[PDB]
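A.B. asks: Handing you this structure, nothing more for now.
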Amino acid sequence: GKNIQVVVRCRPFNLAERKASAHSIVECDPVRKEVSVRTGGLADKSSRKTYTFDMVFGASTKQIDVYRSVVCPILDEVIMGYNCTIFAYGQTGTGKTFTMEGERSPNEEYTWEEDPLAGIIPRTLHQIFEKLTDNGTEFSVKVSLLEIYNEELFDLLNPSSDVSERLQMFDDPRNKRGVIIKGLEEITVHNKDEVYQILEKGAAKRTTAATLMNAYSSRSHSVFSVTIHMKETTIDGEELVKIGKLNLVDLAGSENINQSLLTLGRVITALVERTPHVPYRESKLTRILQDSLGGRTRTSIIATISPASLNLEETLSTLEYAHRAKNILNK
Ligand SMILES: CN(C)CCNC(=O)NC[C@H]1CC[C@@H]2[C@H](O1)c1cc(C(F)(F)F)ccc1N[C@H]2c1ccccc1
Ligand SMILES: Nc1ncnc2c1ncn2[C@@H]1O[C@H](COP(=O)(O)OP(=O)(O)O)[C@@H](O)[C@H]1O
């Protein structure tokens, strides 16, 4: 089969950390695909815990590095007409949103297409209209942003209804690994020069959500999905139809009440321990992404961590968690 691919990304020290000359307890070595953590002692002598992953990125990693090495390959499979999912997992403040969405560089330095701080989502949409418009492919693109807060579903892209409007989900009559999400708005994206606008509306809606729900940005789970309908007309004249779907999942903070987060962990454990029963149905998150966990979707997890000594317990928790997920087998 194809085991779930797991990569670790350690973010750098923030400006409010360097002024204190903070000592890092995290060492990354991409070539060895390892991440080493200082668990005690001194900088002259100490013990450490090491873990090997499918890939490892350190503080110096740029957004372009992440996209080229992990996303590009995945997007290509999506273009081939396959289903793919990428999870962002880790403690609040470690880089989940930065990685999945990115942000705008300060003082309007670049346009959104050239902003080096752009994350996976914008780069993906942009490239999509770049690699397909390149070919004589007849294609369409739809996006949806589904968010889960306290086990309730919200549409963060519907410009018609406000966030407070919760959605309903049901099991799909056909697909046994799928569900039906009543009301989930799907937005057609005609061209890259329409991408930014769609994302801005999402960010804006997220602000109203923050107002209404406590610690919304750290406790919610978000699923940004992109579906590509393609009518390919190869140079040989044959017209092949393909449907590609990609799920960019930004999970709630993992730091020590969140039924979806608890269940995801239990689903992963059940899968790795080969336990007969997998509790997918015990949460909205796992029911919605059932196929991404031991199913027929290509899945990858980007675990984000802090290099600060103060986050040791949480960083170790994140690594152990990510480490275990490597043993999951999809098809
Ligand atoms: C001023 N500096 C300090 C902060 C500015 N950052 C900011 O406003 N940031 C929010 C906005 C900024 C613009 C996009 C938006 O988040 C956004 C919303 C979603 C969502 F899931 F909601 F649909 C998904 C991805 C993105 N990516 C951002 C992006 C970043 C770079 C290039 C292209 C697109
Ligand atoms: N690789 C990185 N390089 C530079 N800054 C980063 C990086 N990862 C995160 N940050 C910054 O640290 C803060 C937390 O990142 P964020 O992605 O919002 O965390 P999370 O979504 O995991 O809570 C933001 O201010 C962000 O700009």
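Following the order of the structure tokens, first chain is A, next is B, and so on, with residues numbered from 1 inside each chain and ligands from 1 in the order they appear.
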Using only C-alpha atoms, find each residue of region 65-130 of chain A with at least one atom at most 6 Å away from an atom of region 293-313 of chain A; report its shortest atom-to-atom pair and that distance in Å (one decimal), sort the rows by chain and rising residue number, and return the result as CSV.
C.D. replies:
```
residue,atom,partner,partner_atom,distance
A:83,CA,A:297,CA,5.2
A:84,CA,A:298,CA,4.7
A:85,CA,A:299,CA,4.9
A:86,CA,A:300,CA,4.9
A:87,CA,A:301,CA,4.6
A:88,CA,A:302,CA,4.8
A:89,CA,A:303,CA,4.7
A:90,CA,A:304,CA,5.1
A:94,CA,A:305,CA,5.1
A:95,CA,A:304,CA,5.8
```
A.B. asks: Could you turn the residues from that selection into a file that holds N, CA, C and O atoms, as a PDB file, in the first residue's frame?
C.D. replies:
```pdb
ATOM      1  N   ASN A  83      -7.587  11.531  -4.930  1.00  0.00           N
ATOM      2  CA  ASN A  83      -7.964  12.284  -3.741  1.00  0.00           C
ATOM      3  C   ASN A  83      -6.784  12.345  -2.786  1.00  0.00           C
ATOM      4  O   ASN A  83      -6.150  11.334  -2.494  1.00  0.00           O
ATOM      5  N   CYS A  84      -6.498  13.545  -2.301  1.00  0.00           N
ATOM      6  CA  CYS A  84      -5.392  13.744  -1.381  1.00  0.00           C
ATOM      7  C   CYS A  84      -5.756  14.634  -0.194  1.00  0.00           C
ATOM      8  O   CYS A  84      -6.596  15.531  -0.307  1.00  0.00           O
ATOM      9  N   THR A  85      -5.112  14.376   0.942  1.00  0.00           N
ATOM     10  CA  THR A  85      -5.352  15.155   2.150  1.00  0.00           C
ATOM     11  C   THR A  85      -4.054  15.479   2.892  1.00  0.00           C
ATOM     12  O   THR A  85      -3.163  14.635   3.019  1.00  0.00           O
ATOM     13  N   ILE A  86      -3.946  16.715   3.373  1.00  0.00           N
ATOM     14  CA  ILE A  86      -2.777  17.120   4.131  1.00  0.00           C
ATOM     15  C   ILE A  86      -3.265  17.745   5.429  1.00  0.00           C
ATOM     16  O   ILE A  86      -4.030  18.711   5.410  1.00  0.00           O
ATOM     17  N   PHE A  87      -2.805  17.181   6.537  1.00  0.00           N
ATOM     18  CA  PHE A  87      -3.127  17.632   7.884  1.00  0.00           C
ATOM     19  C   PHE A  87      -1.979  18.480   8.433  1.00  0.00           C
ATOM     20  O   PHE A  87      -0.811  18.204   8.150  1.00  0.00           O
ATOM     21  N   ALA A  88      -2.323  19.475   9.251  1.00  0.00           N
ATOM     22  CA  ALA A  88      -1.348  20.316   9.947  1.00  0.00           C
ATOM     23  C   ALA A  88      -1.676  20.025  11.421  1.00  0.00           C
ATOM     24  O   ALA A  88      -2.808  20.260  11.865  1.00  0.00           O
ATOM     25  N   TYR A  89      -0.704  19.514  12.170  1.00  0.00           N
ATOM     26  CA  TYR A  89      -0.912  19.143  13.567  1.00  0.00           C
ATOM     27  C   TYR A  89       0.172  19.691  14.488  1.00  0.00           C
ATOM     28  O   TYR A  89       1.359  19.652  14.169  1.00  0.00           O
ATOM     29  N   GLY A  90      -0.239  20.192  15.641  1.00  0.00           N
ATOM     30  CA  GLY A  90       0.730  20.727  16.577  1.00  0.00           C
ATOM     31  C   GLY A  90       0.150  21.726  17.556  1.00  0.00           C
ATOM     32  O   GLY A  90      -1.022  22.097  17.482  1.00  0.00           O
ATOM     33  N   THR A  94       2.671  27.182  16.784  1.00  0.00           N
ATOM     34  CA  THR A  94       3.820  26.526  16.180  1.00  0.00           C
ATOM     35  C   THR A  94       3.949  26.631  14.659  1.00  0.00           C
ATOM     36  O   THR A  94       5.017  26.325  14.116  1.00  0.00           O
ATOM     37  N   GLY A  95       2.887  27.053  13.969  1.00  0.00           N
ATOM     38  CA  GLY A  95       2.975  27.207  12.523  1.00  0.00           C
ATOM     39  C   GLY A  95       1.962  26.507  11.624  1.00  0.00           C
ATOM     40  O   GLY A  95       2.181  26.409  10.412  1.00  0.00           O
TER      41      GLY A  95
END
```
A.B. asks: When you look at residue 326 (chain A) with a cut-off of 12 Å (counting only C-alpha atoms), what residues show up, excluding the ones that are within fewer than 4 positions of it in the same chain? I need them as a count of residues only.
C.D. replies: 28
A.B. asks: Would you give me, as a ChimeraX atom specification, the residues in region 167-249 of chain A that DSSP reads as strand (DSSP E)?
C.D. replies: /A:167-171,179-182,187-188,221-233,239-249
A.B. asks: Within 6 Å of ligand 2 (counting only C-alpha atoms and all ligand atoms), which residues show up? I'd like them as a PyMOL selection string.
C.D. replies: chain A and resi 11-12+91-98
A.B. asks: Generate the output file for the selected residues, N, CA, C and O atoms, as a short mmCIF file (atom, residue, chain, number, x, y, z; two decimals), in the first residue's frame.
C.D. replies:
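Below is the file that was written, part35.cif:
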```cif
data_model
loop_
_atom_site.label_atom_id
_atom_site.label_comp_id
_atom_site.auth_asym_id
_atom_site.auth_seq_id
_atom_site.Cartn_x
_atom_site.Cartn_y
_atom_site.Cartn_z
N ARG A 11 9.54 25.84 13.58
CA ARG A 11 9.57 27.25 13.22
C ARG A 11 10.74 27.93 13.91
O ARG A 11 11.32 27.39 14.86
N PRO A 12 11.11 29.13 13.45
CA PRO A 12 12.23 29.85 14.06
C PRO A 12 11.81 30.54 15.36
O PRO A 12 10.67 30.42 15.80
N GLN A 91 0.99 22.16 18.48
CA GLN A 91 0.61 23.11 19.51
C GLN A 91 0.28 24.48 18.92
O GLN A 91 0.85 24.89 17.89
N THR A 92 -0.65 25.18 19.55
CA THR A 92 -1.05 26.51 19.11
C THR A 92 0.19 27.39 19.07
O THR A 92 1.01 27.37 19.99
N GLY A 93 0.35 28.14 17.98
CA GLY A 93 1.48 29.04 17.82
C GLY A 93 2.73 28.46 17.17
O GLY A 93 3.73 29.17 17.01
N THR A 94 2.67 27.18 16.78
CA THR A 94 3.82 26.53 16.18
C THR A 94 3.95 26.63 14.66
O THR A 94 5.02 26.33 14.12
N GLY A 95 2.89 27.05 13.97
CA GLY A 95 2.97 27.21 12.52
C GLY A 95 1.96 26.51 11.62
O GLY A 95 2.18 26.41 10.41
N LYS A 96 0.86 26.03 12.19
CA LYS A 96 -0.15 25.34 11.39
C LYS A 96 -0.76 26.24 10.33
O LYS A 96 -0.78 25.89 9.14
N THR A 97 -1.27 27.39 10.75
CA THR A 97 -1.87 28.34 9.84
C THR A 97 -0.82 28.94 8.92
O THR A 97 -1.06 29.14 7.72
N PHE A 98 0.36 29.22 9.47
CA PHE A 98 1.43 29.80 8.66
C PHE A 98 1.72 28.88 7.48
O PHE A 98 1.78 29.31 6.33
#
```
A.B. asks: List all protein, DNA and RNA residues that have any atom at most 10 Å from ligand 1, counting only C-alpha atoms and all ligand atoms, and write the list as a VMD selection string.
C.D. replies: chain A and resid 97 to 108 110 to 123 125 to 126 143 to 147 156 to 157 195 to 207 222 to 225 248 to 250
A.B. asks: Excluding region 165-180 of chain A and any residue of its chain fewer than 2 positions from it, enumerate the residues within 12 Å of it, using only C-alpha atoms, and give them as a PyMOL selection string.
C.D. replies: chain A and resi 146-163+182-185+205+209+212+280-281+283-297
A.B. asks: Grab the residues selected above and save them as a tab-separated table (two decimals), in the first residue's frame with N, CA and C atoms.
C.D. replies:
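The resulting selection-v1.tsv:
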```
chain	number	residue	atom	x	y	z
A	146	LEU	N	-14.90	24.35	5.39
A	146	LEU	CA	-15.75	23.82	6.44
A	146	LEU	C	-14.98	23.86	7.74
A	147	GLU	N	-15.59	24.43	8.77
A	147	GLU	CA	-14.91	24.50	10.06
A	147	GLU	C	-15.73	23.86	11.18
A	148	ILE	N	-15.03	23.26	12.14
A	148	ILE	CA	-15.68	22.60	13.26
A	148	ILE	C	-15.27	23.24	14.58
A	149	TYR	N	-16.24	23.73	15.34
A	149	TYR	CA	-15.96	24.32	16.64
A	149	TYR	C	-16.97	23.73	17.59
A	150	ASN	N	-16.49	23.10	18.66
A	150	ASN	CA	-17.34	22.45	19.66
A	150	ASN	C	-18.34	21.49	19.01
A	151	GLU	N	-17.86	20.72	18.04
A	151	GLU	CA	-18.68	19.74	17.33
A	151	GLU	C	-19.83	20.32	16.52
A	152	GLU	N	-19.74	21.59	16.15
A	152	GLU	CA	-20.75	22.23	15.32
A	152	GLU	C	-20.02	22.63	14.03
A	153	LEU	N	-20.73	22.55	12.90
A	153	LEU	CA	-20.17	22.84	11.58
A	153	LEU	C	-20.50	24.24	11.06
A	154	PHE	N	-19.49	24.92	10.51
A	154	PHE	CA	-19.69	26.27	9.99
A	154	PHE	C	-19.12	26.43	8.59
A	155	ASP	N	-19.75	27.29	7.80
A	155	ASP	CA	-19.32	27.55	6.43
A	155	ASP	C	-18.59	28.89	6.46
A	156	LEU	N	-17.28	28.86	6.31
A	156	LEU	CA	-16.50	30.09	6.35
A	156	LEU	C	-16.26	30.79	5.01
A	157	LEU	N	-16.98	30.39	3.96
A	157	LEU	CA	-16.84	31.00	2.64
A	157	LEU	C	-18.17	31.51	2.07
A	158	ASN	N	-19.28	31.16	2.71
A	158	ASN	CA	-20.59	31.60	2.25
A	158	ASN	C	-20.78	33.09	2.53
A	159	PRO	N	-20.72	33.92	1.47
A	159	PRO	CA	-20.89	35.37	1.60
A	159	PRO	C	-22.34	35.78	1.82
A	160	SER	N	-23.24	34.81	1.79
A	160	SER	CA	-24.66	35.09	1.97
A	160	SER	C	-25.11	35.00	3.43
A	161	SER	N	-24.77	33.90	4.09
A	161	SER	CA	-25.17	33.69	5.47
A	161	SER	C	-24.00	33.97	6.41
A	162	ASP	N	-24.30	34.39	7.63
A	162	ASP	CA	-23.25	34.66	8.61
A	162	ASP	C	-22.77	33.35	9.24
A	163	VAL	N	-21.57	33.39	9.83
A	163	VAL	CA	-20.98	32.21	10.45
A	163	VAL	C	-21.88	31.51	11.45
A	182	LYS	N	-25.12	19.32	4.31
A	182	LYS	CA	-26.17	20.23	3.87
A	182	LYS	C	-25.85	21.69	4.10
A	183	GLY	N	-25.82	22.46	3.01
A	183	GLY	CA	-25.55	23.88	3.11
A	183	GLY	C	-24.13	24.31	2.81
A	184	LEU	N	-23.20	23.37	2.79
A	184	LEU	CA	-21.81	23.72	2.52
A	184	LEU	C	-21.64	24.36	1.15
A	185	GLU	N	-21.35	25.66	1.16
A	185	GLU	CA	-21.16	26.41	-0.07
A	185	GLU	C	-19.90	26.02	-0.81
A	205	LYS	N	-14.51	36.35	7.48
A	205	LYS	CA	-15.53	35.59	8.19
A	205	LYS	C	-14.95	34.97	9.45
A	209	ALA	N	-16.19	34.94	13.40
A	209	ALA	CA	-16.25	33.70	14.16
A	209	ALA	C	-15.46	33.87	15.45
A	212	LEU	N	-17.60	35.70	18.01
A	212	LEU	CA	-18.67	34.87	18.55
A	212	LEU	C	-18.27	33.68	19.42
A	280	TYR	N	-14.37	6.07	14.01
A	280	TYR	CA	-14.60	7.18	13.09
A	280	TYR	C	-15.87	7.95	13.45
A	281	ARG	N	-16.94	7.22	13.69
A	281	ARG	CA	-18.22	7.84	13.98
A	281	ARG	C	-18.35	8.61	15.30
A	283	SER	N	-16.93	11.33	16.17
A	283	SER	CA	-16.75	12.78	16.00
A	283	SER	C	-17.00	13.25	14.56
A	284	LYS	N	-17.35	14.52	14.41
A	284	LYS	CA	-17.63	15.11	13.09
A	284	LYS	C	-16.38	15.08	12.22
A	285	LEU	N	-15.25	15.45	12.81
A	285	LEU	CA	-13.98	15.50	12.09
A	285	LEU	C	-13.63	14.16	11.47
A	286	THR	N	-13.61	13.11	12.29
A	286	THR	CA	-13.24	11.79	11.79
A	286	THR	C	-14.27	11.16	10.86
A	287	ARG	N	-15.54	11.54	10.99
A	287	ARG	CA	-16.55	11.01	10.08
A	287	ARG	C	-16.32	11.66	8.72
A	288	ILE	N	-16.08	12.96	8.72
A	288	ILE	CA	-15.86	13.70	7.49
A	288	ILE	C	-14.60	13.27	6.75
A	289	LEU	N	-13.54	12.95	7.49
A	289	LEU	CA	-12.27	12.58	6.87
A	289	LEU	C	-11.97	11.10	6.98
A	290	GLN	N	-13.00	10.29	7.21
A	290	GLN	CA	-12.83	8.85	7.34
A	290	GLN	C	-11.93	8.25	6.27
A	291	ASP	N	-12.14	8.63	5.01
A	291	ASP	CA	-11.33	8.07	3.93
A	291	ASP	C	-9.85	8.48	3.98
A	292	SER	N	-9.53	9.56	4.68
A	292	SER	CA	-8.14	10.01	4.78
A	292	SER	C	-7.39	9.25	5.87
A	293	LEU	N	-8.12	8.52	6.70
A	293	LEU	CA	-7.50	7.77	7.79
A	293	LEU	C	-7.69	6.26	7.63
A	294	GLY	N	-6.79	5.65	6.87
A	294	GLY	CA	-6.86	4.22	6.63
A	294	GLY	C	-7.77	3.91	5.46
A	295	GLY	N	-8.13	4.94	4.70
A	295	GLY	CA	-9.01	4.75	3.55
A	295	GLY	C	-8.29	4.75	2.21
A	296	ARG	N	-8.97	5.24	1.18
A	296	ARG	CA	-8.40	5.29	-0.17
A	296	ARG	C	-7.93	6.68	-0.62
A	297	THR	N	-7.53	7.52	0.33
A	297	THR	CA	-7.03	8.85	-0.02
A	297	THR	C	-5.55	8.90	0.32
```
